[PDB]
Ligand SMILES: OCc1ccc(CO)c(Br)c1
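The chain below stands alone, shown as structure tokens; this is the form deposited without the ligand.
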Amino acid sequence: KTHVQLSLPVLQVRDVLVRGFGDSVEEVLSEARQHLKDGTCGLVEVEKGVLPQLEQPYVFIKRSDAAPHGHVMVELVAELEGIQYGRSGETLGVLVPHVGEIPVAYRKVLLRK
């Protein structure tokens, strides 16, 4: 399938134990995709002061369309020193590994895979 229905645990930035996916744009996008497939991916909602508490490169989910079965269609865009790899819509949040942190909510997305 080109798209997969996922429910992403929304984590508080201060709870997050593993604050990024790796050390290159290509690695973080790779690792994000693997974690999304394995159900081991969390989402941090971006507000003032969130991103400086996480590790670059960042992986964002961005709205790719204007929402089947409640699931917002999203795609991945990486960022490193203010340059983004990808072009998409509004940020739903920044992806991080999930290693058992308690979420505050779930975000239903349809991921272009």
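The numbering used is simple: start at 1 and walk along the sequence shown.
Just so it is clear, the following notes concern the form deposited with the ligand bound, a form of the same protein that is not shown.
Among residues of the shown chain, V28 is not one whose heavy atoms approach the ligand to within 4.5 Å in the deposited bound form. Contact check for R63: no non-hydrogen atom falls within 4.5 Å of the ligand in the deposited bound form.
Of the heavy atoms in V44, none are within 4.5 Å of the ligand in the deposited bound form. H71 falls outside the set of residues with a heavy atom inside 4.5 Å of the ligand in the deposited bound form. Contact annotation for 30-51: residues with any non-hydrogen atom within 4.5 angstroms of the ligand in the deposited bound form are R33, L36, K37, listed in sequence order.
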